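The file my_file_21.txt comes next; it holds compact mmCIF, C-alpha atoms.
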```txt
# COMPACT_ATOMS: atom_id res chain seq x y z
CA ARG A 1 -57.08 79.76 123.19
CA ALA A 2 -54.22 82.27 123.67
CA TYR A 3 -53.11 84.43 120.72
CA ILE A 4 -49.91 83.44 118.84
CA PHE A 5 -47.99 86.66 119.64
CA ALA A 6 -45.77 88.53 117.22
CA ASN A 7 -42.16 89.37 118.02
CA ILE A 8 -41.78 93.01 119.04
CA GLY B 1 -74.13 90.43 131.58
CA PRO B 2 -70.78 90.82 129.77
CA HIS B 3 -67.91 88.30 129.97
CA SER B 4 -64.22 88.36 129.15
CA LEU B 5 -61.52 85.92 128.11
CA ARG B 6 -58.08 87.31 129.03
CA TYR B 7 -54.52 85.99 128.96
CA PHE B 8 -51.85 87.20 131.38
CA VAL B 9 -48.39 86.75 130.01
CA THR B 10 -45.07 86.97 131.80
CA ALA B 11 -41.54 86.59 130.52
CA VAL B 12 -38.73 87.03 133.11
CA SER B 13 -35.06 86.89 132.09
CA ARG B 14 -32.45 85.77 134.64
CA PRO B 15 -28.89 85.82 133.14
CA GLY B 16 -26.43 83.09 134.09
CA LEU B 17 -29.13 81.23 136.06
CA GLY B 18 -31.07 79.71 133.19
CA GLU B 19 -33.58 80.35 130.46
CA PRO B 20 -36.22 83.05 131.04
CA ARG B 21 -39.32 81.87 132.88
CA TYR B 22 -42.52 82.14 130.88
CA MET B 23 -46.10 81.86 131.90
CA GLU B 24 -49.44 82.05 130.22
CA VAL B 25 -52.32 82.45 132.61
CA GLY B 26 -55.87 82.22 131.32
CA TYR B 27 -58.86 84.05 132.79
CA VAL B 28 -62.57 83.77 132.07
CA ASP B 29 -64.05 86.73 133.98
CA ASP B 30 -61.26 87.05 136.58
CA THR B 31 -61.37 83.34 137.41
CA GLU B 32 -58.07 81.74 136.37
CA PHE B 33 -58.90 78.63 134.34
CA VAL B 34 -55.69 77.70 132.51
CA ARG B 35 -51.99 78.02 133.32
CA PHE B 36 -48.73 77.29 131.54
CA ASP B 37 -45.38 77.48 133.39
CA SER B 38 -42.05 76.99 131.68
CA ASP B 39 -40.25 75.78 134.81
CA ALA B 40 -40.24 72.04 133.89
CA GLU B 41 -38.23 69.68 131.57
CA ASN B 42 -41.60 68.89 129.85
CA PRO B 43 -43.87 71.92 130.58
CA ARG B 44 -47.62 71.60 129.85
CA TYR B 45 -50.82 73.67 129.70
CA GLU B 46 -52.88 72.81 132.75
CA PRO B 47 -56.51 73.12 133.80
CA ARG B 48 -57.05 75.39 136.84
CA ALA B 49 -60.79 74.97 137.14
CA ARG B 50 -62.46 71.55 137.38
CA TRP B 51 -64.79 72.21 134.42
CA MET B 52 -61.82 72.61 132.07
CA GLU B 53 -61.01 68.90 132.55
CA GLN B 54 -63.78 68.31 129.98
CA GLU B 55 -61.35 69.32 127.16
CA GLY B 56 -59.69 66.40 125.35
CA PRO B 57 -56.07 65.26 125.06
CA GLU B 58 -55.86 67.18 121.76
CA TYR B 59 -56.83 70.49 123.28
CA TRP B 60 -53.97 70.40 125.74
CA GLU B 61 -51.55 69.06 123.19
CA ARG B 62 -52.50 71.96 120.89
CA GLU B 63 -52.28 74.67 123.54
CA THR B 64 -49.01 73.40 125.06
CA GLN B 65 -47.12 73.61 121.78
CA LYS B 66 -48.63 77.05 121.05
CA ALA B 67 -47.37 78.34 124.41
CA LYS B 68 -44.01 76.71 123.94
CA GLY B 69 -43.98 78.59 120.63
CA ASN B 70 -44.94 81.82 122.35
CA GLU B 71 -42.26 81.38 125.00
CA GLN B 72 -39.53 81.15 122.40
CA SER B 73 -40.94 84.24 120.78
CA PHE B 74 -40.58 86.09 124.08
CA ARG B 75 -37.04 84.74 124.63
CA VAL B 76 -36.02 86.67 121.49
CA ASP B 77 -38.16 89.55 122.63
CA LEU B 78 -36.23 89.97 125.88
CA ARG B 79 -32.94 89.96 123.89
CA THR B 80 -34.43 92.52 121.55
CA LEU B 81 -35.47 94.96 124.22
CA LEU B 82 -31.92 95.06 125.61
CA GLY B 83 -30.98 96.17 122.08
CA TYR B 84 -33.64 98.90 122.00
CA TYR B 85 -32.92 100.30 125.46
CA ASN B 86 -29.17 99.79 125.26
CA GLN B 87 -29.12 97.88 128.55
CA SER B 88 -26.26 95.62 129.77
CA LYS B 89 -26.54 91.81 129.30
CA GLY B 90 -26.71 90.85 133.05
CA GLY B 91 -29.93 92.49 134.25
CA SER B 92 -33.15 90.57 134.79
CA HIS B 93 -36.01 92.14 132.87
CA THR B 94 -39.74 91.51 132.57
CA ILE B 95 -42.17 91.55 129.67
CA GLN B 96 -45.84 91.41 130.59
CA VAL B 97 -48.86 91.14 128.33
CA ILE B 98 -52.63 91.28 128.80
CA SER B 99 -54.42 89.78 125.81
CA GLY B 100 -58.11 89.04 125.20
CA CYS B 101 -61.67 90.11 124.50
CA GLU B 102 -64.71 91.40 126.40
CA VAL B 103 -68.04 90.33 124.83
CA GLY B 104 -71.57 91.52 125.58
CA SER B 105 -74.54 89.22 126.20
CA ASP B 106 -75.47 89.73 122.55
CA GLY B 107 -72.16 88.16 121.58
CA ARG B 108 -70.65 91.31 120.12
CA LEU B 109 -67.11 92.51 121.03
CA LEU B 110 -67.23 95.38 123.51
CA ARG B 111 -63.52 96.02 123.72
CA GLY B 112 -60.32 94.18 122.94
CA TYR B 113 -57.09 94.06 124.97
CA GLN B 114 -53.49 93.86 123.81
CA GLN B 115 -51.39 95.63 126.44
CA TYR B 116 -47.63 95.17 126.53
CA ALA B 117 -45.44 96.26 129.42
CA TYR B 118 -41.68 96.33 129.91
CA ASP B 119 -40.30 96.25 133.46
CA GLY B 120 -43.74 97.27 134.91
CA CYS B 121 -44.20 100.20 132.50
CA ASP B 122 -46.59 100.48 129.54
CA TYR B 123 -44.78 99.58 126.32
CA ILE B 124 -47.32 99.40 123.55
CA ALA B 125 -51.07 98.76 123.31
CA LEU B 126 -53.81 98.39 120.73
CA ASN B 127 -56.24 101.31 120.61
CA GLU B 128 -60.04 100.99 121.11
CA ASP B 129 -60.38 101.35 117.32
CA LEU B 130 -58.64 97.90 117.06
CA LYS B 131 -56.59 99.27 114.14
CA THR B 132 -53.73 101.45 115.52
CA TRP B 133 -51.11 101.42 118.32
CA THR B 134 -50.15 103.62 121.23
CA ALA B 135 -46.43 103.44 122.08
CA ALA B 136 -45.17 104.76 125.41
CA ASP B 137 -41.62 105.71 124.24
CA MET B 138 -38.89 105.80 121.58
CA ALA B 139 -38.25 102.08 122.04
CA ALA B 140 -41.88 100.99 121.44
CA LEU B 141 -41.94 103.24 118.36
CA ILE B 142 -39.62 100.65 116.80
CA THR B 143 -42.20 97.93 117.68
CA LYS B 144 -44.98 100.17 116.30
CA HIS B 145 -43.15 100.54 112.93
CA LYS B 146 -42.55 96.73 112.69
CA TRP B 147 -46.27 95.92 113.41
CA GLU B 148 -47.43 98.63 110.98
CA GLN B 149 -45.39 97.06 108.14
CA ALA B 150 -46.54 93.48 108.94
CA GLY B 151 -50.18 94.55 109.46
CA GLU B 152 -50.16 93.00 112.92
CA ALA B 153 -53.20 94.99 114.05
CA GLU B 154 -55.30 93.22 111.38
CA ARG B 155 -54.08 89.70 112.39
CA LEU B 156 -54.82 90.62 116.01
CA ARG B 157 -58.24 92.05 115.15
CA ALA B 158 -59.06 88.69 113.56
CA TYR B 159 -58.06 86.80 116.68
CA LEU B 160 -60.05 89.19 118.93
CA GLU B 161 -63.16 89.12 116.68
CA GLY B 162 -62.83 85.39 115.92
CA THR B 163 -60.83 82.90 117.95
CA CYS B 164 -61.14 84.90 121.18
CA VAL B 165 -64.91 85.42 120.99
CA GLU B 166 -65.54 81.86 119.72
CA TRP B 167 -63.55 80.12 122.46
CA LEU B 168 -64.86 82.38 125.24
CA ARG B 169 -68.28 81.02 124.16
CA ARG B 170 -67.00 77.42 124.17
CA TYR B 171 -65.42 77.95 127.64
CA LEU B 172 -68.53 79.62 129.02
CA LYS B 173 -70.74 76.66 128.10
CA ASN B 174 -68.41 74.39 130.03
CA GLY B 175 -67.99 76.42 133.24
CA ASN B 176 -71.03 78.73 133.47
CA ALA B 177 -72.72 77.10 136.51
CA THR B 178 -69.35 77.23 138.33
CA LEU B 179 -68.39 80.84 137.48
CA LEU B 180 -71.87 82.04 138.51
CA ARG B 181 -71.44 80.56 142.06
CA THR B 182 -71.98 83.05 144.81
CA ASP B 183 -71.05 82.91 148.47
CA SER B 184 -72.81 85.45 150.76
CA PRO B 185 -70.60 86.99 153.52
CA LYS B 186 -71.01 86.16 157.21
CA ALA B 187 -70.38 89.11 159.48
CA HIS B 188 -69.48 89.53 163.13
CA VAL B 189 -68.34 92.49 165.21
CA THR B 190 -65.45 92.29 167.60
CA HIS B 191 -64.52 94.56 170.50
CA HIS B 192 -61.01 95.62 171.50
CA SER B 193 -59.59 97.99 174.16
CA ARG B 194 -57.75 101.29 173.43
CA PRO B 195 -55.83 103.69 175.67
CA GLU B 196 -58.41 104.90 178.26
CA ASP B 197 -62.03 105.60 177.43
CA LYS B 198 -62.01 104.53 173.76
CA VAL B 199 -62.72 101.13 172.20
CA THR B 200 -62.26 99.66 168.72
CA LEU B 201 -65.13 97.98 167.06
CA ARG B 202 -64.15 95.81 164.14
CA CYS B 203 -66.68 94.67 161.54
CA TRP B 204 -65.66 91.44 159.84
CA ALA B 205 -66.90 89.84 156.64
CA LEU B 206 -65.74 86.28 155.92
CA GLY B 207 -66.28 83.40 153.57
CA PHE B 208 -67.52 85.45 150.64
CA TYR B 209 -67.15 85.07 146.88
CA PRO B 210 -66.46 87.04 144.71
CA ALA B 211 -64.14 89.58 146.28
CA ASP B 212 -66.27 92.68 145.71
CA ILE B 213 -67.75 93.88 148.97
CA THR B 214 -68.34 97.13 150.85
CA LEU B 215 -68.16 97.59 154.59
CA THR B 216 -69.38 100.75 156.28
CA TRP B 217 -69.93 102.00 159.83
CA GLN B 218 -72.76 104.30 160.62
CA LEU B 219 -73.32 106.45 163.66
CA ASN B 220 -76.91 107.25 164.62
CA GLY B 221 -77.69 107.91 160.92
CA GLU B 222 -74.92 109.27 158.67
CA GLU B 223 -71.85 107.14 157.60
CA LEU B 224 -68.32 107.14 159.03
CA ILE B 225 -65.69 108.14 156.43
CA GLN B 226 -62.91 110.39 157.87
CA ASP B 227 -61.92 108.10 160.82
CA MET B 228 -62.88 104.55 159.74
CA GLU B 229 -60.09 102.05 159.08
CA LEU B 230 -60.23 99.04 156.72
CA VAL B 231 -58.00 96.56 155.04
CA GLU B 232 -57.71 95.39 151.42
CA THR B 233 -59.97 92.41 150.76
CA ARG B 234 -57.83 89.31 151.07
CA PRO B 235 -58.12 85.62 150.11
CA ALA B 236 -58.86 83.14 152.88
CA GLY B 237 -56.96 80.80 150.56
CA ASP B 238 -59.84 78.37 150.10
CA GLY B 239 -61.47 80.26 147.27
CA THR B 240 -63.29 82.66 149.62
CA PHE B 241 -62.28 86.21 150.61
CA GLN B 242 -62.32 88.26 153.77
CA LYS B 243 -62.37 91.89 154.89
CA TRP B 244 -62.89 94.13 157.89
CA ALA B 245 -63.45 97.76 158.80
CA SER B 246 -63.15 99.25 162.25
CA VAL B 247 -63.78 102.47 164.04
CA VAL B 248 -62.82 103.94 167.42
CA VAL B 249 -65.88 104.64 169.55
CA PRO B 250 -66.40 106.08 173.08
CA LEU B 251 -66.40 103.42 175.84
CA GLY B 252 -70.03 102.72 176.81
CA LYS B 253 -71.38 103.91 173.46
CA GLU B 254 -70.63 100.81 171.33
CA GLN B 255 -74.30 99.98 170.99
CA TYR B 256 -74.78 103.34 169.14
CA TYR B 257 -72.82 102.17 166.05
CA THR B 258 -74.02 100.13 163.07
CA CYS B 259 -72.00 98.14 160.58
CA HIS B 260 -73.43 97.59 157.09
CA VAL B 261 -72.21 94.78 154.81
CA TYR B 262 -72.93 95.10 151.08
CA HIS B 263 -72.32 92.11 148.82
CA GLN B 264 -73.94 90.67 145.71
CA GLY B 265 -74.85 87.28 147.21
CA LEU B 266 -76.98 88.92 149.88
CA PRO B 267 -80.79 89.07 149.58
CA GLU B 268 -80.16 92.48 151.24
CA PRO B 269 -77.37 94.35 153.05
CA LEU B 270 -76.40 92.94 156.45
CA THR B 271 -76.91 95.15 159.50
CA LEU B 272 -75.17 94.29 162.78
CA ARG B 273 -73.99 95.83 166.03
CA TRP B 274 -71.53 94.75 168.74
CA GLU B 275 -73.11 92.02 170.92
CA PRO B 276 -71.73 91.63 174.45
CA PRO B 277 -72.65 88.12 175.76
CA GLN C 2 -39.79 99.18 140.88
CA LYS C 3 -42.55 98.77 143.59
CA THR C 4 -42.57 98.09 147.37
CA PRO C 5 -44.78 95.12 148.50
CA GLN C 6 -47.78 95.39 150.79
CA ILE C 7 -48.00 92.63 153.38
CA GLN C 8 -50.96 91.11 155.24
CA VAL C 9 -50.60 88.41 157.89
CA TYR C 10 -53.77 86.72 158.89
CA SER C 11 -55.39 83.39 159.62
CA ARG C 12 -57.88 81.70 157.36
CA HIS C 13 -60.46 81.21 160.12
CA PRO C 14 -60.96 83.18 163.33
CA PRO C 15 -58.16 82.10 165.68
CA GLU C 16 -58.97 79.73 168.57
CA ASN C 17 -56.23 78.54 170.90
CA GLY C 18 -55.49 74.84 170.36
CA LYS C 19 -57.48 74.52 167.13
CA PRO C 20 -55.61 74.05 163.82
CA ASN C 21 -55.99 76.88 161.31
CA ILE C 22 -53.91 78.32 158.44
CA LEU C 23 -51.68 81.37 158.59
CA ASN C 24 -51.59 83.51 155.48
CA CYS C 25 -48.99 85.90 154.25
CA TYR C 26 -50.53 87.93 151.40
CA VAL C 27 -47.95 90.02 149.52
CA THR C 28 -49.13 92.39 146.81
CA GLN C 29 -48.11 95.47 144.85
CA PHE C 30 -44.50 94.48 144.24
CA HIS C 31 -42.21 94.67 141.18
CA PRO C 32 -39.87 93.03 139.93
CA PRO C 33 -41.58 89.61 140.35
CA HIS C 34 -38.70 87.97 142.25
CA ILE C 35 -39.39 87.94 145.99
CA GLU C 36 -38.44 85.87 149.06
CA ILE C 37 -41.12 85.20 151.66
CA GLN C 38 -40.49 83.54 155.02
CA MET C 39 -42.80 82.81 157.85
CA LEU C 40 -41.24 82.82 161.27
CA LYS C 41 -42.47 81.21 164.49
CA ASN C 42 -41.07 82.70 167.68
CA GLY C 43 -38.16 84.08 165.66
CA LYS C 44 -37.40 80.82 163.78
CA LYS C 45 -38.00 79.99 160.10
CA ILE C 46 -41.07 77.81 159.53
CA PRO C 47 -39.70 74.96 157.38
CA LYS C 48 -42.84 73.95 155.33
CA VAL C 49 -44.47 76.96 153.64
CA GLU C 50 -46.62 76.79 150.53
CA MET C 51 -46.81 79.47 147.85
CA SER C 52 -49.64 80.20 145.44
CA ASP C 53 -48.57 80.48 141.76
CA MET C 54 -47.57 84.03 140.84
CA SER C 55 -50.04 86.40 139.15
CA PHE C 56 -50.21 90.08 138.37
CA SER C 57 -52.79 92.84 138.14
CA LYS C 58 -54.14 95.34 135.55
CA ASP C 59 -51.41 97.70 136.86
CA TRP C 60 -48.63 95.16 136.23
CA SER C 61 -47.75 94.57 139.90
CA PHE C 62 -47.33 91.02 141.21
CA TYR C 63 -49.10 89.10 143.97
CA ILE C 64 -48.68 85.83 145.79
CA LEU C 65 -50.22 84.11 148.86
CA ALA C 66 -47.90 82.31 151.30
CA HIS C 67 -49.59 79.97 153.78
CA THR C 68 -48.62 77.47 156.47
CA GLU C 69 -50.57 75.16 158.80
CA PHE C 70 -50.53 76.24 162.43
CA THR C 71 -52.19 75.84 165.81
CA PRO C 72 -52.53 79.22 167.53
CA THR C 73 -51.43 79.52 171.18
CA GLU C 74 -51.94 82.29 173.68
CA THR C 75 -48.27 83.13 173.55
CA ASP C 76 -46.79 82.07 170.18
CA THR C 77 -45.52 84.89 167.98
CA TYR C 78 -45.68 84.42 164.20
CA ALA C 79 -44.46 86.82 161.53
CA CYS C 80 -43.98 87.05 157.80
CA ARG C 81 -40.68 88.22 156.36
CA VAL C 82 -40.15 89.51 152.87
CA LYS C 83 -36.96 90.23 150.91
CA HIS C 84 -37.40 92.20 147.69
CA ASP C 85 -35.09 94.37 145.61
CA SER C 86 -37.24 97.46 146.18
CA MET C 87 -36.32 97.50 149.87
CA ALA C 88 -32.87 98.15 151.32
CA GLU C 89 -33.60 95.55 154.01
CA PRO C 90 -36.15 92.77 154.58
CA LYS C 91 -39.63 93.54 155.94
CA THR C 92 -41.16 91.70 158.85
CA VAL C 93 -44.80 91.86 159.77
CA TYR C 94 -46.11 90.21 162.94
CA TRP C 95 -49.37 88.38 163.04
CA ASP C 96 -51.98 90.25 165.06
CA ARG C 97 -54.93 87.95 165.92
CA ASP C 98 -57.42 90.85 166.26
CA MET C 99 -56.45 91.80 162.70
```

Written form, structure tokens:
Amino acid sequence: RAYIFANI
Amino acid sequence: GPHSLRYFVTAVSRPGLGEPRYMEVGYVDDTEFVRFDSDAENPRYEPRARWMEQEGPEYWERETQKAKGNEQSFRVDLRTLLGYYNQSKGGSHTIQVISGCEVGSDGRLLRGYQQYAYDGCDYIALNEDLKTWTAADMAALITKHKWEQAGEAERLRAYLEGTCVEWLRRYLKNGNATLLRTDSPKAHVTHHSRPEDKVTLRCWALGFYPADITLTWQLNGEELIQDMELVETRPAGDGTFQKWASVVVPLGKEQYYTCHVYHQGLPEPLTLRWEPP
Amino acid sequence: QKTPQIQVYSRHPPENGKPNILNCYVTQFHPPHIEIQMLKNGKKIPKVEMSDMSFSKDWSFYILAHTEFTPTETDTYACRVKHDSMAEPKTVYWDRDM
């Protein structure tokens, strides 16, 4: 499962 | 030995031609196993190794939406970086991410990866301590500050120590026999002319997996470094790889040179010479 | 911005008259937009497949372009690459010994 990335 | 679950992420803007293109590409130990590509009216997570087909309709449903989510996040992210770098609206730009865990055979986390890059240059990354950030410039310092005040490092740490490790274990149980596969190289030497009294001997290795391999030419004893020529290992395109290394020897002396092929699938290194029929 | 490395090679050792596969392996480039043609005797090969795009630990992109072909004694094949890092396109001819 891929991480749910944060906005930069 | 150790294993790793990594995600390769790409977001590529392309003004006045359409939405940015987004991809999530999954890797268990350098083998790609999942891919998502936003170029489609109804884009979907896909299996890229046969053993992944074991996962149920729900797994793909769940991943697909998550990626779709991620994509939208990166659409904003591209717009944001233009704001940070003060760049004009019409350029194509690229965000790249490497995200995942490396776990030992004991099941402990050896190191974690969260590496961001903007236009092929390091942007920000999580330190080995899994708690702080390294930013490559004034722009990323703004992303550092935002992730400090939302405690992003902690949320990431949790994913690395939890979801990442846990799933890498789930994946490994499904595809372990496959990933472990090993194809020994087959080697031949070829002979080619060269102006006058010199000839080229070329030592080939073909049909091997994985890609790691070492080819060396020896003369009467010691190895040939300074003059030897080789190419980057390259895919045959059927899952195997290929490579060669060659050396310019005196005409009539070919039989005095030995090629050694070193690969992990070999009971022992291969030794061969040029064989004139 | 990074200039692409090109390799043109067949999948199996070439043998005149026997079908094989010609590979164009393009690596080390950036940005990820690239145009890859394969030419036969100067003319564009119409049906060329591309692997999905990927990149490496150092951020650079790679892709494998391949086409079905039957090597002759005299046919010349090449791979041609357009990419923003280069003022002009880059052609590499297939060498069967290589």

Residues of chain B within 7 Å of chain C, all atoms listed in the file counted, as number ranges by chain:
B: 120, 236-237

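Taking atom CA of residue B:48 as the reference point, atom CA of residue C:38 is found at 25.9 Å.
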
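The protein and nucleic acid residues lying at most 8 Å from residue C:80 are residues 9, 25, 37, 38, 39, 40, 92, 93, 94 and 95 of chain C, with all atoms listed in the file considered and sequence neighbours fewer than 4 positions away removed.
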
Contacts of residue A:4 at 12 Å or less, counting all atoms listed in the file, minus same-chain residues fewer than 5 places along, as a PDB file with C-alpha atoms, in the frame of the given file?
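File produced: selection39.pdb:
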```pdb
ATOM      1  CA  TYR B   7     -54.520  85.990 128.960  1.00  0.00           C
ATOM      2  CA  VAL B   9     -48.390  86.750 130.010  1.00  0.00           C
ATOM      3  CA  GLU B  24     -49.440  82.050 130.220  1.00  0.00           C
ATOM      4  CA  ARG B  62     -52.500  71.960 120.890  1.00  0.00           C
ATOM      5  CA  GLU B  63     -52.280  74.670 123.540  1.00  0.00           C
ATOM      6  CA  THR B  64     -49.010  73.400 125.060  1.00  0.00           C
ATOM      7  CA  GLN B  65     -47.120  73.610 121.780  1.00  0.00           C
ATOM      8  CA  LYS B  66     -48.630  77.050 121.050  1.00  0.00           C
ATOM      9  CA  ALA B  67     -47.370  78.340 124.410  1.00  0.00           C
ATOM     10  CA  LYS B  68     -44.010  76.710 123.940  1.00  0.00           C
ATOM     11  CA  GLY B  69     -43.980  78.590 120.630  1.00  0.00           C
ATOM     12  CA  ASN B  70     -44.940  81.820 122.350  1.00  0.00           C
ATOM     13  CA  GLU B  71     -42.260  81.380 125.000  1.00  0.00           C
ATOM     14  CA  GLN B  72     -39.530  81.150 122.400  1.00  0.00           C
ATOM     15  CA  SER B  73     -40.940  84.240 120.780  1.00  0.00           C
ATOM     16  CA  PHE B  74     -40.580  86.090 124.080  1.00  0.00           C
ATOM     17  CA  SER B  99     -54.420  89.780 125.810  1.00  0.00           C
ATOM     18  CA  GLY B 100     -58.110  89.040 125.200  1.00  0.00           C
ATOM     19  CA  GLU B 152     -50.160  93.000 112.920  1.00  0.00           C
ATOM     20  CA  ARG B 155     -54.080  89.700 112.390  1.00  0.00           C
ATOM     21  CA  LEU B 156     -54.820  90.620 116.010  1.00  0.00           C
ATOM     22  CA  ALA B 158     -59.060  88.690 113.560  1.00  0.00           C
ATOM     23  CA  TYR B 159     -58.060  86.800 116.680  1.00  0.00           C
ATOM     24  CA  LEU B 160     -60.050  89.190 118.930  1.00  0.00           C
ATOM     25  CA  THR B 163     -60.830  82.900 117.950  1.00  0.00           C
ATOM     26  CA  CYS B 164     -61.140  84.900 121.180  1.00  0.00           C
TER      27      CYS B 164
END
```

Up to 7 Å from (-38.5, 91.4, 156.3) in the file's coordinates: name the residues, counting all atoms listed in the file, as an NGL selection string.
:C and (81-83 or 89-92)

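With distances taken over only C-alpha atoms, B:167 is the one residue among B:36, B:27, B:85, B:167 lying closest to chain A.
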